[PDB]
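Just the one chain here, laid out as structure tokens, in the form deposited in one PDB entry.
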């Protein structure tokens, strides 16, 4: 028996008792339903309101249809798709904008055709697996077209029409199977060189500069003189090079892209928001790709056309995901010869591409190459110390380490900004191991492989060399100069260096672990294997020396300066005077300052992000810099006061002057003269702060009834709880690993320093350090000289062999 519940939702508060008996008797609910007339008025109002559709409602219904389709529920998807298609078809007539009307009409027709196909599939007429809306790319005229633009030859269709398509491909390996195609393949062009420009949260100016530099490189390639020994021949000749080059600009997510970048892209005809909103309504695409042959004009000079494909990902992932999409999809479809990777803002010189291609074509044993990386405008604003220190570090690292490693044909790390490979040595296993993280969950891999995060360059570089049944070697080209932009503040440098150091350490450990694969699996010459063994020994010694660097720096500074002051070993002054208080005071002050600084640095680094601790980092860096400058002046005075000896001059040369000798040999000596002091002032800051912050923040990484409804809710809750538990366990394991590594490193350094400062004297310790440093620098100088000899001799001597 129904109670008096006729007015229950209208009244503010109603209390009712609902008995569970033997269900409500029939013929009573009918009277209650039929006795209400307000329902008729409500239905009339709803029908009046629902007569006129809206664009937003149609788009929302299509989005819901896509969400239902992704959940493998097909009848609801069909109903929602039909509703959305009819709504869009009705709306299209009302709109006054011609472009909007045309897009709405086309989308409505496409949705209705997809509804028909899905209905046929449900009935069983069509037998397919995982049916999805058919691929349909739309070409529209570009809003801005430059009438005053002179080019080689442009078809009107190619010159005035920009093409768009949304891609749903979840695994990029299946891009070609799902039926997606690029304009280059359709037009019959077969590009031989591909360039990828990863982008994320960047201003328009950087992208404009990068595109201008690429256009200048293409122009330089076009004007190459024919009939010369040094001229490229074939697919990279003149007047037709631009048809063999494709530029893929991959963005990392619509949410984080700077709006002015989107405005600039729309200006050059590579992005349109209305088309993206309309044509991607029901697809639920993972990515949106626009295609054009863009034409750029700078000042009164018109550049060459660039065949550009702009791929914008809906969500946000890592740069490795952008490389995944680029390599797998575009390379496996186009099948090019070379493959260049660069970042946004990397401005190239006119001859960079020419030098890379010349090396690749002439040598032919090269599976990868990297150019020289420089700091833009180093001399300008010379008063800044961080910029000059970075310039010195880049120059010295390039010369010495890159030359030494390129002599043996194995470069430890390709920069990842302006590097190149050939798509024959990386097609198989090297790329599979490159994207191991993206294909396997971090739970299975473990903490060691997972913490090798942002170290992907070294993984690819090592996998190329040690490939089974192949002998691919890497190379370093000096003349391919690319200028980047560096942070102007200490905090920016500290933030930047963390990824570099984590990746370097763990990739170095991986390479040391797996170096045997070169001899066990690869197919190299015996001479190459012996050279690799020598380089392996040198690499082990260098890494071992670099692991104990803070302790060695502390010991050197302490012994030389402060125990020379305390125990009368400075030569330009005598400390046999003084009241025995200053002599101990110097050592005590040094020890207390060093220990307090290290404690503060480790607390800050393990504690918080280095953005709100700007003042404290600046203070610690200033203290260490003043200490290092004072120590350098004292050491210079000591060296010049000594009457000099053969051993002294030999050690001084092989320790310090190797930098100047190599720089003068390669002709880049003025930069060293300008920036030597600035780099010297930041050595302890570099070592201590960067290593501590790298180790401390190692954790950072990426129909049914009622019972069916209840079961679904319970299953969803259980799955969510299991997922949360798994994520928690993963984070626990990675935190444990990073803490163990940091404890081992710090305690090893402390124990070494204490044992050497208590049981050893300066006279019985300093010669060993001098010998070690001299040996390392002698090896590096020999490597640099060998690289210079090769680069200046092999060109002439290739005729002999």
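Residue numbers count along the first chain shown, from 1. In this text, rigid core is short for the largest set of C-alphas that superpose within 1.5 Å between two forms.
Quiz item: Counting the other entries of this protein, is residue 64 left out in at least a third of them?
Solution: It is not, since residue 64 is included in all of the other entries that model both flanking stretches.
Self-check item: residue 798 unmodelled in at least a third of other compared entries
Solution: No, modelled in all of them.
Exercise. Could you bin the unmodelled part of the deposited chain lying between residue 702 and residue 703 as none, 1 to 3, 4 to 9, or 10 or more?
Key: Unmodelled stretch: 10 or more residues.
Missing here is the form deposited in another entry; even so, the following discussion is about that form.
Quiz item: Among 182, 221, 278, 414, whose C-alpha is off by 2 Å or more between the shown form and the other one on a rigid-core fit?
Solution: Just 414.
Self-check item: Distance trend in that other deposited form - C-alpha atoms of residue 498 and residue 414, change of 3 Å or more
Solution: Closer: residue 414 and residue 498 approach by 3 Å or more in that other deposited form.
Exercise. Based on a C-alpha change of 3 angstroms or more, tell me if residue 414 and residue 610 lie closer or farther in that other deposited form than in the shown form.
Key: Nearer in that other deposited form, by 3 Å or more.
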